[PDB]
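Asker: I'd like to ask you about the structure that follows.
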Amino acid sequence: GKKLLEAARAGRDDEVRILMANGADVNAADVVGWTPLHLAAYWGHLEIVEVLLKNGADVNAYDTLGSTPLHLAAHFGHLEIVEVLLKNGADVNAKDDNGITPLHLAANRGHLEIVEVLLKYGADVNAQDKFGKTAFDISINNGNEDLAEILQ
Amino acid sequence: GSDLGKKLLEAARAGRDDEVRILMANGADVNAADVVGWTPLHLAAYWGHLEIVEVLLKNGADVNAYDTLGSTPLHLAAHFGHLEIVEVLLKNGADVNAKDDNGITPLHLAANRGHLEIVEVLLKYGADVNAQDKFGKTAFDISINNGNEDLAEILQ
Amino acid sequence: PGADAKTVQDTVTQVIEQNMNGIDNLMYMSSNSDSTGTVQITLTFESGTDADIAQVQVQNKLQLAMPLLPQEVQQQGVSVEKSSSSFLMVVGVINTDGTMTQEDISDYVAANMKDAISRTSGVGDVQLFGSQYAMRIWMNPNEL
Amino acid sequence: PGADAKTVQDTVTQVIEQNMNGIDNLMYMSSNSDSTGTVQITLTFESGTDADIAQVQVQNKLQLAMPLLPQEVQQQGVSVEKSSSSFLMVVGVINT
Amino acid sequence: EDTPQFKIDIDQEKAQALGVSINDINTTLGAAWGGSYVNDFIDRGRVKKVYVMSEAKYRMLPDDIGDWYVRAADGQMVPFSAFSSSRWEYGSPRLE
Amino acid sequence: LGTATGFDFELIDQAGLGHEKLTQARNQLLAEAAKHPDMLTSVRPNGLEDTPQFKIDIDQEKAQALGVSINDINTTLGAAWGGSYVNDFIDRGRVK
Amino acid sequence: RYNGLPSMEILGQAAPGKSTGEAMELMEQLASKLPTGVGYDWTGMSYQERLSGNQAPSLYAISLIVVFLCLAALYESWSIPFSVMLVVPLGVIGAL
Amino acid sequence: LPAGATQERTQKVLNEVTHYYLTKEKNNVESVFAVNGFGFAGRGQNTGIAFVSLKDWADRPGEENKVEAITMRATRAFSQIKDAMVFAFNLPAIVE
Amino acid sequence: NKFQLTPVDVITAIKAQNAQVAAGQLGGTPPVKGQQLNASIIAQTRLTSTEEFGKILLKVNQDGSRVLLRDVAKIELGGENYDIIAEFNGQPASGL
Amino acid sequence: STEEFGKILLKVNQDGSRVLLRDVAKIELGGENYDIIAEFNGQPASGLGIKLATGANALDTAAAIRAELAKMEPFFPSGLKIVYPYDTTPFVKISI
């Protein structure tokens, strides 16, 4: 499992199936609660996200602060991974311990295509975080006029 | 200021016993005081020269001489933890409850430095345990403020 | 103290580096900024460079950067040394009666031995393997 | 200004002394701190040492200890000088 | 190699609203979790440092963050969880 | 070159003894030197002897209770009695 | 302070008829009986005196040897140099 | 060790290294001075160094008892320590 | 003037919101023995773009409305100074 | 001392009771940092890692280090002993 967490982070897509062929825990978690799916999402390893899901990896696994792989892919602008995760049933409205949603994170970093896909899969635009801010509030604050209009 | 008076202030401070002996035979003022009002007894007490304390006391030293801020030799001896000097001064009539200009007593000073035996000696000679300095503090207050449990127990 | 690598780099390393110019015989410059809060900038000179002058020139530029450094960095002391990178020797200190802890020995060494070894001619740098004592105030958030 | 000897020693003299490292050809160092608010630290070097290098090495170690000194001492400044030099003459200026 | 780091965002607006200064917030976070060199003292005649820091048991776990309080202008104790949010990310422990 | 007569001797506090204990040790050595007039003459300190000084204790509690800050107290005492270098002015074109 | 430690400087000289080196050796002996943790060191003239005194013999011998070698070359003889070298006391006695 | 590793885990690896020298190189190594938290890299939790001293050359007869053979064996033994990079090396003739 | 702000308020907000904070560690030394996690705490970092400087918060109104830096100023990359302008054969240029 | 630091008066409650520093913190003498821990053959140690100044003679600097240590040893606390775990110097002298 530790080898899988490492293989996942490195993008060694080959090593990943070899270990899973030897039955490594697909939901193996590291010290901050990140699974192999968390790490692939983070470093943009599409192939490994795909292989992990097909081997029953928990698509809604969360880390010790409530953040999910969809949070990570959305925040870091990995469009394809966001799509894959949503297809495999990722909670589009998942909240981390701060009440921050994938939509919040995508909005904050101006990931327009990602916001659209999230909206498509039914992300709640009214969702507030712990400070009562929505994706819309963020767009206005950031001066993103493109995004601000998409949130209408 | 005396010729021999000054010599005596120095000898007592330095604990030059034999010199003090000669000075006594010659009539050196035991009541000599420097600018801040310290006598040889003050000096001997401060620096802890026991024999000189005894010699000075045999020779008519004021046991209760106070300096310009009202401190006595018992204050100094208590404060710097010279137990045997404390005992000697008390036996020779030192005011166990002498207050300096700050309302500070020998018990205050000894407690503040954690000198348990001296505190005991002073209590034995009738140190007023309830005496307060200019700030309303007792030796007991000092003890618990200093976090000295043993001392506190002593003063109840 | 307490700084991550990026904070060290962007607040100290980069500032000092940008002040390293007009230094004679410089072949190259390298640095590390780590999450210990530590930065080390190494300037390497052509063979035959007077090491005294090299140090003087490096510090003349460093003092232009000093006021631009965070106060907490200035107060830890910045230093400039001219040494070999490898150790000449390690002087070890133990207690054979086992009546002193590691912490104890380290404070003793730091407090009584290290300065005079540091002032000895030929001694470029001294690393203490341990720490000098400090007054440690360990705060409790509940009581606070 | 206005400092007793112990104040000078414990906030100025010791700090500077602890920073006098990595200086070449030093024989010994000595200091006094007094109640006129003054400290002097003399470093004496091996015969044959270049006095200029010695001074600049001392002053550069000092320069890096300045942030550790009290404000008012930084304000007054701290001088580094060759002191083993003597007077050619002394010109007195009086008013009669 | 990069490692996990604990990223915490101070919400400027929330802080302003509660009347807790950002300086208090940063000193509070930094002193507790990082340690702060306050000033010097004398230990057996040698000048040495004074460090303030959280006791170990209160700076080991991420949830500990919210156990620290800052005093607002109105004198109310405000926990870190009221004006901040955090997330895991990766960063470098040694930048070259 | 300086005096260059007799010897120049340094007595050193090698542990944590402190000023008073080092004075006692000095006095001890000076007394023993004096017992050998046949070999040693004029063995004496080059420095100064302790003198009366005026210790004033600020009571923190009473100050806090009166609403008097320590900085004000200490700056009042030191500026008034010790004097304080505020800043510079220009006197006929020279900074002073 | 001396070499970073609390210190006290002591001056003195050798009694009439005695050498300073002898007076130093006694001072070292009395010094060895001082309370635990009190050390000492020689500085200034005494520092110069010591390291200067350890050369003299080697320098006088080198002089002696070279004078003899020159004379032996001059006279083509290992023994005749002696007849010249014997004159040294003849002038030195007058000086004394 | 990898960044993120604790001082405790670094100590564990250090013990294995110290152990190896104390038991498997009894004939060759005189002493081990091991340091947790210091490496060439920098004062980290995840780093350490061991300074090894060997018995005199005369007591280490043969190529198998010289530093090159000792460090190969050591580095191979340590190759099996998990999640740490550990290796012994002879410093080159001239480092540089 | 319209928001009752001054350059002093603007400077304060930039110092506060364009900060790079040392924030310490989770599981840093000395730890509670048994600690698995050691991670840097990352708090404020320097702003990197005109957009970030623009959304610096100067104040919220009585009304809850926000006043950002872009509401009282233009934000853009531009020279530290605008004193030097060079041309090469009449064409805009820079140089060393 | 820890005692003096403990009785630092943080504040006086309205009921007059005192809040002392020892009430919100543990006070102890402890390291400036807690990152570097050393052993010598498995027992507690400290030490000095010494690097040679640029161009300085290794054999000469080592001798000078030895002479300085010799001055310290007579004043050690009981049980304290210098050990010599790693020296590059003997090999220079010996091989020559």
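Just remember, in the structure tokens the first chain shown is A, the second B, etc., residues are 1-based per chain, and ligands are 1-based in the order shown.
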Using only C-alpha atoms, find which residues of chain J lie within 8 Å of chain C and jot them down as a PyMOL selection string.
Answerer: chain J and resi 2+23-38+40+43-58+61+64-65+68-69+72+78-89
Asker: Listing only residues of chain E within 10 Å of chain F, what is the closest atom pair and its distance in Å (to one decimal) for each, using only C-alpha atoms, sorted by chain and residue number ascending, as a Markdown table?
Answerer:
```
| residue | atom | partner | partner_atom | distance |
| --- | --- | --- | --- | --- |
| E:43 | CA | F:16 | CA | 8.8 |
| E:44 | CA | F:16 | CA | 5.2 |
| E:45 | CA | F:16 | CA | 6.4 |
| E:46 | CA | F:16 | CA | 8.4 |
```
Asker: Provide the CA of residue 150 in chain A to CA of residue 135 in chain A distance in Å, to one decimal place.
Answerer: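 The value is 10.4 Å.
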Asker: Please identify all polymer residues within 8 Å of residue 9 in chain G, counting only C-alpha atoms, omitting same-chain residues fewer than 2 positions from it, and present them as a PyMOL selection string.
Answerer: (chain F and resi 8-11+45-47) or (chain G and resi 7+11)
Asker: Export C-alpha atoms of the chosen residues as a PDB file, in the first residue's frame?
Answerer:
```pdb
ATOM      1  CA  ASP F   8      50.876  41.396  34.121  1.00  0.00           C
ATOM      2  CA  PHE F   9      48.634  38.681  35.483  1.00  0.00           C
ATOM      3  CA  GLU F  10      45.026  37.727  34.793  1.00  0.00           C
ATOM      4  CA  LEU F  11      42.839  35.908  37.300  1.00  0.00           C
ATOM      5  CA  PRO F  45      44.777  44.985  41.404  1.00  0.00           C
ATOM      6  CA  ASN F  46      44.816  47.029  38.223  1.00  0.00           C
ATOM      7  CA  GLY F  47      41.076  47.631  38.548  1.00  0.00           C
TER       8      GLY F  47
ATOM      9  CA  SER G   7      38.701  38.264  35.005  1.00  0.00           C
ATOM     10  CA  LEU G  11      50.136  43.810  38.492  1.00  0.00           C
TER      11      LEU G  11
END
```
Asker: Just need the residues of chain H within 8 Å of chain C, counting only C-alpha atoms, so spit them out as a ChimeraX atom specification.
Answerer: /H:33,35,38,42-44
Asker: Pull the closest atom pair for each residue of range 15-79 of chain F that gets at most 12 Å from range 21-42 of chain B, along with the distance in Å to one decimal, counting only C-alpha atoms, ordering rows by chain and then ascending residue number, as a Markdown table.
Answerer:
```
| residue | atom | partner | partner_atom | distance |
| --- | --- | --- | --- | --- |
| F:51 | CA | B:36 | CA | 10.6 |
| F:52 | CA | B:36 | CA | 7.5 |
| F:53 | CA | B:36 | CA | 9.2 |
| F:54 | CA | B:36 | CA | 9.4 |
```
